[PDB]
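Peer 1: what's the 3D shape of this:
(12 chains)
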Amino acid sequence: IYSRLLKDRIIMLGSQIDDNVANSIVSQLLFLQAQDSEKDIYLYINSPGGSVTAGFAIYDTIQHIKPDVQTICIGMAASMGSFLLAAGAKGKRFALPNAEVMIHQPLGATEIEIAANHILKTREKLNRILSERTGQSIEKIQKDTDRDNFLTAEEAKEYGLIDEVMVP
Amino acid sequence: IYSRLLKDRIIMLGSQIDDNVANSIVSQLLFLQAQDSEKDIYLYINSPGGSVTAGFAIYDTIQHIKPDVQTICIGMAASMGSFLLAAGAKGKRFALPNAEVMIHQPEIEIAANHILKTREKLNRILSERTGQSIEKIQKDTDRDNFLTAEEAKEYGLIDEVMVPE
Amino acid sequence: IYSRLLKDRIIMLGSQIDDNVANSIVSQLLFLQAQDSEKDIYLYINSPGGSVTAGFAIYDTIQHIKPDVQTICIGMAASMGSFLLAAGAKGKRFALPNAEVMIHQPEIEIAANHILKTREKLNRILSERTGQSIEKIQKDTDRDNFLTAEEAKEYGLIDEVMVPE
Amino acid sequence: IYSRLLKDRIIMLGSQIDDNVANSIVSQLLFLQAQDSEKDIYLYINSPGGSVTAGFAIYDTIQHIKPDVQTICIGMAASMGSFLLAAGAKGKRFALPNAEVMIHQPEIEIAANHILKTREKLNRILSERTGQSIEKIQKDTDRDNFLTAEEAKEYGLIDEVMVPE
Amino acid sequence: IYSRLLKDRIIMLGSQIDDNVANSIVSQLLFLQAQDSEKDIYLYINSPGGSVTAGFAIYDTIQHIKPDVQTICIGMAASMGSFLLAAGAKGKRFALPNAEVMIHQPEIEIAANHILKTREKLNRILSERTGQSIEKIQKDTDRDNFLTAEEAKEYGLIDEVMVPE
Amino acid sequence: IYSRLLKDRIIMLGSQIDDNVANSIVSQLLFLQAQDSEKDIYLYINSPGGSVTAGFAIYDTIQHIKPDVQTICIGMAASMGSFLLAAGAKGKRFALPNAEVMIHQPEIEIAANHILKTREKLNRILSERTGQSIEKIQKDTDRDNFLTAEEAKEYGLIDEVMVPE
Amino acid sequence: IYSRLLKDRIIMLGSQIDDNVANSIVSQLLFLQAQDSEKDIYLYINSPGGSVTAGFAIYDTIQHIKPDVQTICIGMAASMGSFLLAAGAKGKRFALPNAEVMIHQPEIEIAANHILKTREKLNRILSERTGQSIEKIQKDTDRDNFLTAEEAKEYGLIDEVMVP
Amino acid sequence: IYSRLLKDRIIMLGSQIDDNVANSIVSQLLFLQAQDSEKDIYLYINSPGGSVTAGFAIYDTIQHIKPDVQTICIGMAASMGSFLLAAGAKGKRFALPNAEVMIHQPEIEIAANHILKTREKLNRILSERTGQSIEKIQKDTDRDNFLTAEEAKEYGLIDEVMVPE
Amino acid sequence: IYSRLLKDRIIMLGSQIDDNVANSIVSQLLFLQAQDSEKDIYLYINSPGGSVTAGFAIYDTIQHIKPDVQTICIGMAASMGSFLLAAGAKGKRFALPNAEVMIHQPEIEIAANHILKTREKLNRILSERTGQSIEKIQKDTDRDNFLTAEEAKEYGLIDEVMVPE
Amino acid sequence: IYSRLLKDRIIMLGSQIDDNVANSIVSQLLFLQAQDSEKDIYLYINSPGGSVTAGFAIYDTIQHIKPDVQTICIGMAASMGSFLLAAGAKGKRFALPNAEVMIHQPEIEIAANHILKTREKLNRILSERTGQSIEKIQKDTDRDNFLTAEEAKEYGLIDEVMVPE
Amino acid sequence: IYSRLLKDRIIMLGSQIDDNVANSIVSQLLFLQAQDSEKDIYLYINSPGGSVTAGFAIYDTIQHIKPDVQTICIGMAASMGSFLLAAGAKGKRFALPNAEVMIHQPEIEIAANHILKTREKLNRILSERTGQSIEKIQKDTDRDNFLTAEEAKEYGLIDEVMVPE
Amino acid sequence: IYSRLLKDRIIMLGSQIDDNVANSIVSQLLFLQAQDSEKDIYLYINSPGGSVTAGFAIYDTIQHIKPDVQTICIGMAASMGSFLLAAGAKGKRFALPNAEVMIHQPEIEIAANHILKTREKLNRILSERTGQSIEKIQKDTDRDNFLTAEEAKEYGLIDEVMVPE
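Peer 2: Numbering: from 1, shown residues only, chains lettered A, B, ... in the order given. This is the structure:
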């Protein structure tokens, strides 16, 4: 059922992000480029978020591929999911009227897990990448990513997450 | 089994709405759009209701897709369930004669707003599609009350109670 | 295993009726309509009975679908179970010789009404399909009594007790 | 594992009879009818016995299906277990040499009748299929007695004790 | 895990024999018959022993199936365990060198007979398959004695003690 | 979790040996034979020791299977535990450097023999596989003594103490 | 729950060490070897300490497996607990800043030897991996003393106290 | 704790009536008789009700002892609970104002009689002590109905509803 | 609590009879003999019944002591319970009006005798004290039947049903 | 532990009210009456609330005993919990400053009455002891609302909020 | 309670014999010697039997004390229980009519001797006091057999079966 | 009970020796010295043995008191139990004929010494009082061996095995 969608180059990120899900989408991202490098990819996102490392793997492949990947936020986008929303092609990042976006990044388990992310400083990268595309200063990013809050669709547009709010 | 129904453009919504179901619904809607963007989509509803955020993802995608989506309530539809019933394409939102419809509710500086602000966004979107005045909707979604099929018609949730044939 | 029966248009109702089963029934009915909207549907029933709201969803969908649905009781059918037996397509509602049939029951300003109002809606819909007068039905669904296959025929639940062949 | 036996039209009845098992039996019988309505069905029986109502649902469906059903007792068969043994298609009801067979029993104005009336309906249906006179059956199902394979043959439960080959 | 052994026609009997195990054995035997009715069945035995009636159901089904069943004792086999060992297909009943074999026992007008009559039926069926005279078997099953693999061969329980290779 | 090791032909023996474990070991051995009858089987051992009869069933099956079984002691191995260590395929029986090995013991006309006769059968089978003379083994299994890995090599239990790499 | 950590090659050692735990550890180590014999294994340690013999089975298997095993102490590690900490793959043996480390002890012709001989085998194997001289180790494992993370580094138990 | 009440001739009946409680009651009654055979015994009752046979043992011993026994209902008293309330010494049987009282029910040739015959013996013994006519009692103990303290007085269960002071 | 009754020469028998109770009874009987060897002993009985051997120890000691022992049944007395009731000192064996009385039952060369021989010794000792003929007793202790107080008097178990006073 | 408090005439009510607790409360009240019928009883209350019938048994016994009972709320008191708070001896019913108080709710011909009739009996008995008019009480017990200590004083539940000292 | 019997020189042996009981017996024997070294000691016995070593301590002390000790069996006496019965002072060892008597049994170089040597010391000491020849005793203590009171007299365990008076 | 024996200067040592018992012994010894410092003290011993340190406190106090202390073994005396037997006043240390006697055993720089040094102090103090040479005692206390009364006499533990009289 995803396949017939895959044939139209529509990819769905629908759940918590783990390596299994990441691997699947990366496989789908490559598969679409092999089908055509020119045509757009529709990436629909409803996720709470998930593992940070698996996020980059999805992020990098979206960056590495030639095709334009649009992101469209449906439902709730949070953690890595929200991160992949702002990571879409510029001008192509949309959200439906009612979606809620939370850019908070949870710290998480064993510290060693922390050992790499802090070592990873993904937040810095996460803050760095998010700051560049959203246009906000790194400091402001650092603060919000540390806080629990929920932006509406519109509030995510002014803040720089989504370029548009799609009307019915 | 569901595919054979899906091939005929019927979508069953059968249980409390979580991220798993909502996703599975959304994917089917975008599917049935990719199949044929003209013929309408029959969406049955029997639910106790479900998580709010997972509800909108079904709501918005109903609006965002081109085809008409006929919500047909059967049996209980409550909480975010009915809110999908009332979200159907106008004129096509049905119920079966014996079914019942019902409506109700599911750092603190921020959390207290998010719980309130989330509810008005339900109170509004029902005020359009029922046509009732918010001062009534504001009151109804608060208190639990059981609307029979007919009393829902008068209320503005369902347009036509489907009579057997 | 069930599919192979489903392919032959037989639907087993095997246990107390919850949202899980009722859904699985409904989906199969709308299925067997999508397959062929002419040939009748054999619906077996063996149940202790189940939740009310989940029962209607099976009831209404029997009415709402085009084909005829032959309810065949085997073994005990009680509470909302029999109420589906008596809901079959007229003339086709059967029982096997040794089976038994039985019928009975499952803020306070609102709750007291909803419990009463829900029951009349059972008392009515049995009054049509048994043909008995509500003053009798009003009394029967209250007290527990065990109707053999034959005594059900006389009573109006089942039309034809199926004799072995 | 059972399917591979089911594909060869063998049905194991392995434990005390509840609604879960009885259903699973019934579904398999109606299945093996849908597969082939000619070839007979081998039904093995090893049981301590089970709930009465769940027994009939196996009994009636044996009668209601077209094919012949060969009940083969192995090991103990007692209470509602044997009553299925004696319910097999005449001439085919077997036992293995060493197996044992046994027979026995499991508002008050109504309850006292239902407990009595349910038992005669066992006393009758054994009187046909054993051929014994009810005045004997009336007595046997009351007292616990252990019938060896042979003594069952003389008694009329099993037609042919299967000798090893 | 067991299936992969079952696919190779090996059946482990691992614990005291109840209705649950005996059933699971029987179903596997009738299975391995349905697979291939020619190739023999390896049946390992390690048991303290089990319920009598559940034992026969394994015994009779060994006799009733067509293929040869090679009982291979490993470790202790006692009470109804050995009685299955001695029930293997003649010439194929084995033991491993260090294993041990042992044999022994588990209204009153009726109960006193059933306890006696059940035991002779063990005393007989061992008298055939060991070849010993009942006056000896009558005595052995009474008293507890530990037969090594070899002493079992001399005794007639096992034909060939399997030597390692 | 164990399966993934089992797939690589490793078998953990982790606790005192009862019928439950011994069975689970045996089934795995006959399994790994059915998979591949060539490649050797790694059998780790960490045990305080266990029931005698349940030990042999592991012993005999090691002998009875075709593949080589490498017993690798880690941590304490005592009583019937070591007796499996010393039962490995010759030349492959290992230990890790720091592990310890130890050996010792667990109508009256009959019982006094069975307790003695069971022990010689341990004294013998260690006399082969250690190579020591029974007059020494007869003495060692009586008194409790703690053999380090090396002192076991000199003793004949383990062939090669595995050094880290 | 642990599997999901196990899939990422982390092994929690959470309580006093008995045969049940030690076995469960060993099986996981041989597992993570069967999965991938290259990538190192993170082994966390929080323990009051446990039975001696069950400790070695964890020790030896750390040595016997190919991959590197990084022992990370968190919270108290004492008795046979620390002895696993000090048994990690050299250079990778860590501690968190606030954790504490500690070391100490648990026919008569034979029994008196086995209790002594078992302890030297602890005194030796710590003398290699701490680098301290046995005459010091011989003394330390006798008396109870609480080594903070840093004082353990100086002592030779842990190589690098992990800073947040 | 209870003894100090027992010393003052108060007996609490606190839970469903089993053999354990009934015994403990009986022993206390015969006790309080042995202490003083003149002064009356206060017997409180709060019960959902209990086993029939264990009830009589409390009933009969109330009759068999010399002193007067004042049954004081507090909270629910139902099934065999009330039947003790109505069994108090005439004129002294009380209730507190808000308490509720209720009455209802708990080989086949013999069993069907014993279940009927046991109930009449309740229907009779209530007919004396309530004074109502059996044709009414015969009907009341069948159907579940909730008698408030006062409505019990009118009914004849309790003589004097105790008003607070 | 019991002592105060014991001081008044009352002995409660309250539960199924095990070695613990029987001992506690015996010790009390020999006690009440040591106190006063003249005044009779009141022995109440409410029991489901108990182990046979532990029953005799109460029986024999009733016979062996000098004083008269008045067995007073209250509530159910069955199995070895009634057998103590019928064992009271002749003329003093009572029952209360509503109580019920009932009677029934609880190497193989030896075991089959011991189970039979133990029962006749009950059949005999009831034949004396009821006065009934063994051919009747032989039949009664086999089948379960519920004797009311009066029907026991006619039967010979109890001499005088105690009427309330 | 509680006894030492009980000796000082303090009674803790600590959890949701079932038959077990209510009984344990009642027994303690009748106890503290038997100790001294003059000195008042301190009754603390911290509860989420409990079963209705088990509540009255605490209510009535407060009224029925002679001494004054000072209800002291601490922490949440809700449902039948507060209804005991408001049931204290007038003038002594307290609360601590930070505690919260709250009030709300827990054949069909009969059942619908019993659920209604049971609630008025709560609505009444609060109308006396709060002094509020039933038309207000009728409304308050329906909707959930959180009354702080003070707002309860104004409301009439508690007389004096106890200030720390 | 026991003291009052002890004051009359009766000693109850009521349960399986452990160190706790045996001690309590011994202390009582040496006591009753210190009281009066002339009058005989009544020792009742009802036991399933107990630990061997704890038995002798009762045996030897019977011999070592001056007074005569009359063992009176009541109910079952088995294993080390009877061995005390047969250890009474000659001529005084009794039984009650219905009681039953029975006799049977409870490093390896040493352990095998200690288990044998301990038993002969029972076989001997019964050979004196029964008078039977060891070749018979050697056989009897091995096999379980139930000796009635009389058959014990003939056997030499008890001198006089006490008849009721 | 013990006092009455204590008054006659008998002291029972009945169980494994802990601080509680040892204290209770010591206090009694110093007592019986305070009573009369001339007459000897009978000390019975039946023990499995006990804690070492608690043993000496009994040993030393035997030596430290003036009177002679006659240790009389009855039944098993082992571990620190016998070591008290052998500690009696020379010439008076007895045993009863059937009793058995046995002897055996119960920072590391310090702990290894304390366990060794504590044992020699047992090996010595037995070497005096048995008279055996330490090279024998050194060996005996190591291995478990069961000394009958006589074999103890030859060994030097007991002087005179007391024969019955």
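
Peer 1: what packs against the longest strand seen in chain A?
Peer 2: With secondary structure taken from DSSP state E, chain A has its longest strand at strand A:69-78. Counting by 3 or more Cβ pairs under 8 Å, 6 or more residues apart in numbering or on different chains; DSSP states H and E, the packing neighbours recorded for strand A:69-78 are strand A:41-47, helix A:80-86, strand A:94-95, strand A:100-102, helix B:19-35, helix B:52-64. For every residue, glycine as well, the C-beta is placed using N, CA and C.

Peer 1: between the ones you listed, which gets nearest to residue D:52?
Peer 2: Closest approach to residue D:52 among the helices and strands packed on strand A:69-78 is made by helix B:19-35 (40.6 Å; Cβ to Cβ).

Peer 1: so who does the closest residue to chain B within chain A touch?
Peer 2: Across chain A, the shortest distance to chain B (Cβ to the nearest Cβ) belongs to residue A:75, at 3.4 Å. Residues in contact with residue A:75 (Cβ atoms under 8 Å, 6 or more residues apart in numbering or on different chains) are A:46, A:99, A:100, B:19, B:22, B:53, B:54, B:56, B:57, B:60.

Peer 1: now for these: which two are most distant?
Peer 2: Pairwise distances across those (Cβ to Cβ) peak at 14.7 Å, for the pair B:19 and B:60.

Peer 1: can you list the residues of chain A near chain G?
Peer 2: Proximity of chain A to chain G (Cβ under 8 Å from any Cβ of the partner chain) is limited to residues A:110, A:111, A:112, A:113, A:114, A:115, A:118.

Peer 1: rerun that using 6 Å as the cut-off
Peer 2: Proximity of chain A to chain G, by Cβ under 6 Å from any Cβ of the partner chain, involves residues A:110, A:112.

Peer 1: now do the contacts for the residue nearest to the spatial centre of chain A.
Peer 2: What sits nearest the mean C-alpha location of chain A, by Cα atoms, centre = their mean, is residue A:84, with 0.9 Å. Residues counted as contacts of residue A:84 (Cβ atoms under 6 Å, 6 or more residues apart in numbering or on different chains) are residue A:45.

Peer 1: residue A:82 now?
Peer 2: The contact partners of residue A:82, taken as Cβ under 6 Å, 6+ apart, are A:101, A:103.

Peer 1: cool, residue A:67 as well?
Peer 2: Going by Cβ under 6 Å, 6+ apart, residue A:67 touches A:33, A:37, A:41.

Peer 1: cool, residue A:14 as well?
Peer 2: Listed by Cβ under 6 Å, 6+ apart, the contact set of residue A:14 reads A:46, B:23.

Peer 1: give me the nearest residue to residue A:41, chain neighbours excluded.
Peer 2: Excluding the flanking residues, the one nearest residue A:41 by Cβ to Cβ, 6 or more residues apart in numbering or on different chains is residue A:69, at 4.4 Å.

Peer 1: list the contacts of that neighbour.
Peer 2: The contact partners of residue A:69, taken as Cβ under 6 Å, 6+ apart, are A:41, A:43, A:62, A:89.

Peer 1: cool, residue A:149 as well?
Peer 2: residue B:110.

Peer 1: and it, how far from chain H?
Peer 2: 53 Å (Cβ to the nearest Cβ, to the nearest Å).

Peer 1: can you name the residues of chain A sitting close to chain B?
Peer 2: Within chain A, the positions near chain B by Cβ under 6 Å from any Cβ are A:8, A:12, A:14, A:46, A:74-76, A:96, A:98, A:148-150, A:168.

Peer 1: if you set the cut-off to 8 Å instead, what comes out?
Peer 2: So far as Cβ under 8 Å from any Cβ goes, chain A lies against chain B at A:1-2, A:4-5, A:8, A:10, A:12, A:14-15, A:44, A:46, A:48, A:74-76, A:96-100, A:148-150, A:166, A:168.

Peer 1: what residue in chain A comes nearest to chain F?
Peer 2: Taking Cβ to the nearest Cβ as the measure, the point where chain A comes nearest chain F is residue A:20, at 17.5 Å.

Peer 1: count the neighbours of that residue for me.
Peer 2: Residue A:20: 8 surrounding residues under other Cβ atoms under 10 Å in any protein chain shown.
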